[PDB]
$ cat target-v1.cif   # mmCIF, N, CA and C atoms
data_upload
loop_
_atom_site.label_atom_id
_atom_site.label_comp_id
_atom_site.auth_asym_id
_atom_site.auth_seq_id
_atom_site.Cartn_x
_atom_site.Cartn_y
_atom_site.Cartn_z
N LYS A 205 61.39 -79.09 -49.28
CA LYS A 205 61.26 -77.63 -49.16
C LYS A 205 62.47 -76.89 -49.71
N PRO A 206 62.21 -75.76 -50.39
CA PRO A 206 63.22 -74.99 -51.12
C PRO A 206 64.06 -74.13 -50.19
N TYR A 207 65.37 -74.06 -50.40
CA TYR A 207 66.23 -73.16 -49.63
C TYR A 207 65.76 -71.71 -49.78
N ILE A 208 65.21 -71.38 -50.94
CA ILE A 208 64.67 -70.05 -51.13
C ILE A 208 63.17 -70.10 -51.39
N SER A 209 62.44 -69.18 -50.76
CA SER A 209 60.99 -69.14 -50.89
C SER A 209 60.63 -68.29 -52.09
N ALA A 210 59.40 -68.44 -52.57
CA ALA A 210 58.90 -67.59 -53.65
C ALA A 210 59.03 -66.09 -53.31
N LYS A 211 58.60 -65.72 -52.11
CA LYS A 211 58.70 -64.34 -51.63
C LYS A 211 60.13 -63.80 -51.69
N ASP A 212 61.07 -64.56 -51.14
CA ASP A 212 62.47 -64.16 -51.13
C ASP A 212 63.13 -64.11 -52.52
N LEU A 213 62.76 -65.04 -53.41
CA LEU A 213 63.31 -65.02 -54.76
C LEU A 213 62.80 -63.78 -55.48
N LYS A 214 61.51 -63.51 -55.35
CA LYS A 214 60.95 -62.29 -55.91
C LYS A 214 61.73 -61.06 -55.42
N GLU A 215 61.96 -60.97 -54.12
CA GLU A 215 62.68 -59.81 -53.60
C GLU A 215 64.11 -59.70 -54.16
N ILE A 216 64.83 -60.81 -54.16
CA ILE A 216 66.16 -60.85 -54.76
C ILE A 216 66.13 -60.35 -56.22
N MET A 217 65.19 -60.85 -57.00
CA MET A 217 65.05 -60.42 -58.38
C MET A 217 64.69 -58.93 -58.49
N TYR A 218 63.66 -58.52 -57.76
CA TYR A 218 63.26 -57.11 -57.70
C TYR A 218 64.43 -56.21 -57.34
N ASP A 219 65.29 -56.69 -56.46
CA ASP A 219 66.43 -55.90 -56.04
C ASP A 219 67.33 -55.55 -57.22
N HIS A 220 67.34 -56.41 -58.24
CA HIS A 220 68.19 -56.24 -59.41
C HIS A 220 67.52 -55.44 -60.53
N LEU A 221 66.25 -55.09 -60.37
CA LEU A 221 65.54 -54.41 -61.44
C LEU A 221 65.41 -52.91 -61.24
N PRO A 222 65.60 -52.15 -62.33
CA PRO A 222 65.29 -50.72 -62.40
C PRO A 222 63.78 -50.49 -62.42
N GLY A 223 63.34 -49.35 -61.89
CA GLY A 223 61.94 -48.97 -61.96
C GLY A 223 61.01 -49.82 -61.11
N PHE A 224 59.72 -49.70 -61.40
CA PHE A 224 58.72 -50.46 -60.67
C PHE A 224 57.57 -50.79 -61.60
N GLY A 225 57.00 -51.98 -61.44
CA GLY A 225 55.88 -52.42 -62.25
C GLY A 225 56.17 -52.54 -63.74
N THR A 226 57.42 -52.83 -64.08
CA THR A 226 57.78 -53.06 -65.47
C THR A 226 57.35 -54.45 -65.92
N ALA A 227 57.44 -54.70 -67.22
CA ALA A 227 57.19 -56.03 -67.74
C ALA A 227 58.10 -57.05 -67.04
N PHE A 228 59.36 -56.67 -66.80
CA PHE A 228 60.26 -57.54 -66.04
C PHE A 228 59.82 -57.84 -64.60
N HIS A 229 59.24 -56.86 -63.92
CA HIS A 229 58.69 -57.10 -62.59
C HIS A 229 57.58 -58.15 -62.68
N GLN A 230 56.74 -58.01 -63.70
CA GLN A 230 55.65 -58.95 -63.91
C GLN A 230 56.19 -60.33 -64.26
N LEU A 231 57.26 -60.36 -65.05
CA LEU A 231 57.91 -61.62 -65.40
C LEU A 231 58.48 -62.30 -64.14
N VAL A 232 59.03 -61.51 -63.23
CA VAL A 232 59.53 -62.07 -61.97
C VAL A 232 58.41 -62.82 -61.29
N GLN A 233 57.22 -62.22 -61.29
CA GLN A 233 56.08 -62.83 -60.62
C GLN A 233 55.65 -64.11 -61.30
N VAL A 234 55.68 -64.12 -62.62
CA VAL A 234 55.29 -65.31 -63.36
C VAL A 234 56.29 -66.43 -63.09
N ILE A 235 57.57 -66.08 -63.14
CA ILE A 235 58.61 -67.06 -62.88
C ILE A 235 58.48 -67.67 -61.47
N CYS A 236 58.28 -66.82 -60.47
CA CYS A 236 58.19 -67.30 -59.09
C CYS A 236 56.97 -68.17 -58.84
N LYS A 237 55.86 -67.83 -59.48
CA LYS A 237 54.64 -68.62 -59.30
C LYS A 237 54.77 -69.99 -59.97
N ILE A 238 55.31 -70.01 -61.19
CA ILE A 238 55.59 -71.28 -61.85
C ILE A 238 56.61 -72.13 -61.04
N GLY A 239 57.68 -71.49 -60.57
CA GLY A 239 58.67 -72.16 -59.74
C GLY A 239 58.11 -72.71 -58.43
N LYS A 240 57.30 -71.90 -57.76
CA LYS A 240 56.65 -72.32 -56.53
C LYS A 240 55.70 -73.51 -56.74
N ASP A 241 54.84 -73.41 -57.74
CA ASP A 241 53.88 -74.48 -58.07
C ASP A 241 54.52 -75.81 -58.47
N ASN A 242 55.71 -75.75 -59.05
CA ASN A 242 56.33 -76.97 -59.53
C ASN A 242 57.59 -77.36 -58.77
N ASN A 243 57.85 -76.65 -57.68
CA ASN A 243 59.01 -76.91 -56.83
C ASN A 243 60.32 -76.81 -57.60
N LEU A 244 60.55 -75.65 -58.22
CA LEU A 244 61.71 -75.41 -59.05
C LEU A 244 62.41 -74.09 -58.67
N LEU A 245 62.02 -73.54 -57.53
CA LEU A 245 62.56 -72.27 -57.05
C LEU A 245 64.09 -72.25 -56.94
N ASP A 246 64.67 -73.29 -56.36
CA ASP A 246 66.12 -73.32 -56.23
C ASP A 246 66.81 -73.43 -57.59
N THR A 247 66.24 -74.24 -58.47
CA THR A 247 66.78 -74.39 -59.81
C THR A 247 66.75 -73.03 -60.50
N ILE A 248 65.63 -72.34 -60.35
CA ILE A 248 65.43 -71.05 -60.99
C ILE A 248 66.41 -70.00 -60.45
N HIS A 249 66.53 -69.98 -59.13
CA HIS A 249 67.48 -69.12 -58.42
C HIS A 249 68.90 -69.32 -58.95
N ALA A 250 69.37 -70.57 -58.98
CA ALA A 250 70.72 -70.86 -59.48
C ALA A 250 70.89 -70.38 -60.91
N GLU A 251 69.86 -70.57 -61.74
CA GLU A 251 70.00 -70.19 -63.14
C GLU A 251 70.12 -68.67 -63.23
N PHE A 252 69.35 -67.98 -62.39
CA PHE A 252 69.46 -66.53 -62.32
C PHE A 252 70.92 -66.12 -62.01
N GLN A 253 71.47 -66.71 -60.96
CA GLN A 253 72.85 -66.44 -60.55
C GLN A 253 73.85 -66.78 -61.63
N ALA A 254 73.63 -67.91 -62.30
CA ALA A 254 74.59 -68.38 -63.29
C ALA A 254 74.65 -67.41 -64.47
N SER A 255 73.49 -66.90 -64.83
CA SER A 255 73.41 -65.96 -65.92
C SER A 255 74.15 -64.66 -65.55
N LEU A 256 73.89 -64.15 -64.34
CA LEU A 256 74.62 -62.97 -63.86
C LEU A 256 76.13 -63.20 -63.86
N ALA A 257 76.55 -64.40 -63.46
CA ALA A 257 77.98 -64.71 -63.45
C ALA A 257 78.56 -64.79 -64.88
N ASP A 258 77.72 -65.16 -65.84
CA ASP A 258 78.13 -65.11 -67.24
C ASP A 258 78.37 -63.67 -67.71
N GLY A 259 77.94 -62.70 -66.91
CA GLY A 259 78.01 -61.31 -67.30
C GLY A 259 76.72 -60.73 -67.88
N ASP A 260 75.62 -61.48 -67.85
CA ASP A 260 74.33 -60.95 -68.33
C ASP A 260 73.72 -59.93 -67.35
N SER A 261 72.99 -58.96 -67.89
CA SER A 261 72.19 -58.05 -67.06
C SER A 261 71.05 -58.83 -66.42
N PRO A 262 70.49 -58.29 -65.34
CA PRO A 262 69.35 -58.93 -64.66
C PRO A 262 68.14 -59.16 -65.58
N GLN A 263 67.79 -58.18 -66.41
CA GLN A 263 66.69 -58.35 -67.37
C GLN A 263 67.00 -59.53 -68.28
N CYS A 264 68.21 -59.53 -68.82
CA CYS A 264 68.65 -60.61 -69.69
C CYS A 264 68.62 -61.97 -68.97
N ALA A 265 68.96 -61.98 -67.68
CA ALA A 265 68.96 -63.22 -66.92
C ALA A 265 67.56 -63.80 -66.78
N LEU A 266 66.56 -62.93 -66.66
CA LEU A 266 65.18 -63.39 -66.53
C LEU A 266 64.76 -64.03 -67.83
N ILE A 267 65.17 -63.40 -68.94
CA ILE A 267 64.88 -63.95 -70.25
C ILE A 267 65.58 -65.30 -70.34
N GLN A 268 66.83 -65.37 -69.88
CA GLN A 268 67.56 -66.63 -69.95
C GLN A 268 66.89 -67.75 -69.16
N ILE A 269 66.27 -67.40 -68.04
CA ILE A 269 65.54 -68.39 -67.27
C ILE A 269 64.43 -69.00 -68.13
N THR A 270 63.70 -68.16 -68.86
CA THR A 270 62.60 -68.66 -69.67
C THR A 270 63.09 -69.56 -70.79
N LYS A 271 64.35 -69.39 -71.22
CA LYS A 271 64.90 -70.25 -72.27
C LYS A 271 65.64 -71.45 -71.71
N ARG A 272 66.19 -71.31 -70.52
CA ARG A 272 67.07 -72.36 -70.02
C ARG A 272 66.43 -73.27 -68.98
N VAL A 273 65.47 -72.77 -68.22
CA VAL A 273 64.80 -73.67 -67.30
C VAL A 273 63.64 -74.33 -68.04
N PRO A 274 63.74 -75.65 -68.27
CA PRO A 274 62.87 -76.37 -69.22
C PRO A 274 61.40 -76.06 -69.05
N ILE A 275 60.94 -75.93 -67.80
CA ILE A 275 59.51 -75.84 -67.58
C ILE A 275 58.88 -74.67 -68.34
N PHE A 276 59.66 -73.62 -68.60
CA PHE A 276 59.11 -72.43 -69.22
C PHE A 276 58.83 -72.59 -70.72
N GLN A 277 59.36 -73.65 -71.32
CA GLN A 277 58.91 -74.04 -72.66
C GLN A 277 57.68 -74.96 -72.66
N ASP A 278 57.28 -75.47 -71.51
CA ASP A 278 56.29 -76.54 -71.46
C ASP A 278 54.95 -76.11 -70.89
N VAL A 279 54.85 -74.85 -70.48
CA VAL A 279 53.58 -74.34 -69.96
C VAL A 279 53.23 -73.04 -70.67
N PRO A 280 51.93 -72.78 -70.86
CA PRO A 280 51.48 -71.56 -71.53
C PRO A 280 51.65 -70.36 -70.59
N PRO A 281 51.70 -69.14 -71.15
CA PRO A 281 51.70 -67.95 -70.29
C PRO A 281 50.46 -67.93 -69.38
N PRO A 282 50.65 -67.50 -68.14
CA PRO A 282 49.53 -67.50 -67.20
C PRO A 282 48.48 -66.48 -67.64
N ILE A 283 47.22 -66.79 -67.37
CA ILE A 283 46.14 -65.83 -67.57
C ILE A 283 45.84 -65.11 -66.26
N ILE A 284 46.03 -63.81 -66.26
CA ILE A 284 45.77 -63.02 -65.08
C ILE A 284 44.47 -62.19 -65.21
N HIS A 285 43.48 -62.48 -64.37
CA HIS A 285 42.20 -61.77 -64.42
C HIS A 285 42.27 -60.45 -63.68
N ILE A 286 41.92 -59.38 -64.37
CA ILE A 286 41.84 -58.07 -63.75
C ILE A 286 40.54 -57.40 -64.15
N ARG A 287 40.22 -56.27 -63.55
CA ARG A 287 38.95 -55.62 -63.82
C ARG A 287 38.98 -54.78 -65.10
N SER A 288 39.93 -53.86 -65.18
CA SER A 288 40.04 -53.02 -66.36
C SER A 288 41.49 -52.80 -66.73
N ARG A 289 41.71 -52.17 -67.88
CA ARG A 289 43.06 -51.96 -68.39
C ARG A 289 43.90 -51.06 -67.48
N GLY A 290 43.23 -50.25 -66.66
CA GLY A 290 43.93 -49.34 -65.77
C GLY A 290 44.55 -50.07 -64.59
N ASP A 291 44.12 -51.30 -64.36
CA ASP A 291 44.68 -52.11 -63.29
C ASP A 291 46.12 -52.53 -63.59
N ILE A 292 46.50 -52.46 -64.87
CA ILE A 292 47.85 -52.83 -65.29
C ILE A 292 48.83 -51.70 -65.03
N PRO A 293 49.96 -52.02 -64.38
CA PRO A 293 50.99 -51.03 -64.02
C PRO A 293 51.37 -50.15 -65.20
N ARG A 294 51.51 -48.85 -64.96
CA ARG A 294 51.83 -47.91 -66.01
C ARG A 294 53.01 -48.36 -66.88
N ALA A 295 54.04 -48.92 -66.24
CA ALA A 295 55.26 -49.27 -66.96
C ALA A 295 55.04 -50.44 -67.92
N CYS A 296 54.00 -51.22 -67.66
CA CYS A 296 53.65 -52.35 -68.53
C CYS A 296 52.82 -51.93 -69.73
N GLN A 297 52.16 -50.78 -69.64
CA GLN A 297 51.20 -50.39 -70.67
C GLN A 297 51.82 -50.40 -72.07
N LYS A 298 53.03 -49.87 -72.19
CA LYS A 298 53.74 -49.83 -73.46
C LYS A 298 54.01 -51.22 -74.06
N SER A 299 53.96 -52.26 -73.23
CA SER A 299 54.31 -53.61 -73.65
C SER A 299 53.12 -54.52 -73.94
N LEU A 300 51.91 -53.97 -73.82
CA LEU A 300 50.68 -54.71 -74.15
C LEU A 300 50.50 -54.88 -75.65
N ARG A 301 50.10 -56.07 -76.07
CA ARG A 301 49.90 -56.40 -77.47
C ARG A 301 48.66 -57.25 -77.61
N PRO A 302 48.05 -57.23 -78.80
CA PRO A 302 46.95 -58.16 -79.06
C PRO A 302 47.43 -59.56 -78.80
N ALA A 303 46.56 -60.38 -78.23
CA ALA A 303 46.96 -61.73 -77.87
C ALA A 303 46.88 -62.68 -79.06
N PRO A 304 48.01 -63.28 -79.46
CA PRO A 304 48.03 -64.27 -80.53
C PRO A 304 47.45 -65.60 -80.05
N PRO A 305 47.23 -66.54 -80.97
CA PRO A 305 46.67 -67.84 -80.62
C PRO A 305 47.64 -68.67 -79.79
N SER A 306 48.93 -68.55 -80.06
CA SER A 306 49.88 -69.41 -79.36
C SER A 306 51.07 -68.62 -78.81
N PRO A 307 50.83 -67.83 -77.76
CA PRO A 307 51.93 -67.06 -77.17
C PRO A 307 52.84 -68.01 -76.40
N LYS A 308 54.13 -67.77 -76.48
CA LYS A 308 55.08 -68.58 -75.72
C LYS A 308 55.90 -67.73 -74.76
N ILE A 309 55.99 -68.20 -73.52
CA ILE A 309 56.78 -67.52 -72.53
C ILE A 309 58.19 -67.35 -73.04
N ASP A 310 58.78 -68.42 -73.56
CA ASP A 310 60.17 -68.33 -74.03
C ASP A 310 60.36 -67.41 -75.26
N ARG A 311 59.28 -66.91 -75.84
CA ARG A 311 59.40 -65.91 -76.90
C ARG A 311 58.94 -64.54 -76.45
N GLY A 312 58.76 -64.37 -75.14
CA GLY A 312 58.59 -63.05 -74.56
C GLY A 312 57.19 -62.71 -74.09
N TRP A 313 56.25 -63.63 -74.26
CA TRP A 313 54.88 -63.42 -73.79
C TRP A 313 54.82 -63.76 -72.30
N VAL A 314 54.85 -62.71 -71.48
CA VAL A 314 54.92 -62.87 -70.05
C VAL A 314 53.62 -63.47 -69.49
N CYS A 315 52.49 -62.92 -69.93
CA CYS A 315 51.21 -63.36 -69.38
C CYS A 315 50.10 -62.81 -70.24
N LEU A 316 48.89 -63.28 -69.99
CA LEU A 316 47.71 -62.71 -70.65
C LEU A 316 46.80 -62.03 -69.61
N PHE A 317 46.46 -60.77 -69.88
CA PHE A 317 45.53 -60.04 -69.03
C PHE A 317 44.12 -60.17 -69.58
N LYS A 318 43.26 -60.80 -68.80
CA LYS A 318 41.87 -61.01 -69.16
C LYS A 318 41.04 -60.02 -68.36
N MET A 319 40.43 -59.06 -69.05
CA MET A 319 39.63 -58.03 -68.39
C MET A 319 38.22 -58.52 -68.06
N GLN A 320 37.53 -57.75 -67.23
CA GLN A 320 36.19 -58.11 -66.79
C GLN A 320 35.23 -58.05 -67.98
N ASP A 321 35.36 -57.01 -68.79
CA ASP A 321 34.55 -56.87 -69.99
C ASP A 321 34.74 -58.01 -70.99
N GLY A 322 35.63 -58.95 -70.69
CA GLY A 322 35.86 -60.08 -71.58
C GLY A 322 37.03 -59.95 -72.55
N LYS A 323 37.60 -58.75 -72.66
CA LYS A 323 38.73 -58.51 -73.56
C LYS A 323 40.07 -59.05 -73.03
N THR A 324 41.06 -59.15 -73.91
CA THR A 324 42.33 -59.75 -73.57
C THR A 324 43.52 -59.05 -74.22
N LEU A 325 44.54 -58.75 -73.42
CA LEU A 325 45.79 -58.21 -73.95
C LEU A 325 46.95 -59.03 -73.43
N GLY A 326 47.94 -59.25 -74.28
CA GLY A 326 49.15 -59.94 -73.87
C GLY A 326 50.25 -58.98 -73.47
N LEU A 327 51.09 -59.42 -72.54
CA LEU A 327 52.26 -58.64 -72.15
C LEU A 327 53.48 -59.25 -72.85
N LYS A 328 54.14 -58.44 -73.67
CA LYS A 328 55.21 -58.92 -74.53
C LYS A 328 56.49 -58.17 -74.29
N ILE A 329 57.57 -58.91 -74.14
CA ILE A 329 58.90 -58.32 -73.99
C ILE A 329 59.77 -58.52 -75.25
#

$ encode --input "target-v1.cif" --output "structure tokens"
Amino acid sequence: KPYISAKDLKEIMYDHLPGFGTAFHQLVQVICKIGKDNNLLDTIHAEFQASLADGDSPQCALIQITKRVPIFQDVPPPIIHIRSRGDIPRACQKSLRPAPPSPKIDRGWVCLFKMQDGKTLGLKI
């Protein structure tokens, strides 16, 4: 069992972020779910801290996690099912892009939004 829970890591990360419902907030969620599912929460937490200690901003640290914690190169961006495009947080809207064939988390593709109508948009940082 992890010293830090998915819920608590999310809160710690959220505490460091400006605004609400940004692409970074969504990235926090992707990171925590991947960490929780693969039992890497503590590793992820430490990497977050280490990046901040290097002098990186919190946004930059989240990006660093995707490049430095190996698992984020080895799994595809999560597919998140929603009903319509309005379900996506306002702050994320500006970051939606057509979904390429091979999006990579470590290149900024946070997740894929799959709508009810069958359409798909990627979230890109």

$ atom_distance --input "target-v1.cif" --atom1 "atom N of residue 212 in chain A" --atom2 "CA of residue 238 in chain A"
13.8 Å

$ atom_distance --input "target-v1.cif" --atom1 "CA of residue 213 in chain A" --atom2 "atom C of residue 327 in chain A"
21.4 Å

$ residues_around --input "target-v1.cif" --residues "residue 284 in chain A" --least-positions-apart "2" --cutoff "7 Å" --atoms "all atoms listed in the file" --output "PyMOL selection string"
chain A and resi 281-282+286+315-319

$ atom_distance --input "target-v1.cif" --atom1 "atom N of residue 253 in chain A" --atom2 "CA of residue 279 in chain A"
21.4 Å

$ closest_residue --input "target-v1.cif" --among "A:255, A:324, A:226, A:233" --to "residue 267 in chain A" --atoms "only C-alpha atoms"
A:255

$ select_by_dssp --input "target-v1.cif" --residues "chain A" --states "alpha helix (DSSP H)" --output "PyMOL selection string"
chain A and resi 210-219+227-242+245-257+262-272+275-278+294-297

$ resolve_selection --input "target-v1.cif" --expression "the PyMOL selection byres ((chain A and resi 288-292) around 8)" --output "ChimeraX atom specification"
/A:225,285-287,293-297,318-321

$ residues_around --input "target-v1.cif" --residues "residue 329 in chain A" --least-positions-apart "6" --cutoff "6.5 Å" --atoms "all atoms listed in the file" --output "list in words"
residues 299, 311, 312, 313 and 314 of chain A

$ select_by_dssp --input "target-v1.cif" --residues "chain A" --states "strand (DSSP E or B)" --output "ChimeraX atom specification"
/A:283-285,300-302,313-318,324-328

$ residues_around --input "target-v1.cif" --residues "range 249-252 of chain A" --least-positions-apart "2" --cutoff "8 Å" --atoms "all atoms listed in the file" --output "list in words"
residues 208, 213, 244, 245, 246, 247, 254, 255, 256, 257, 258, 262, 265, 266, 268, 269, 272 and 273 of chain A
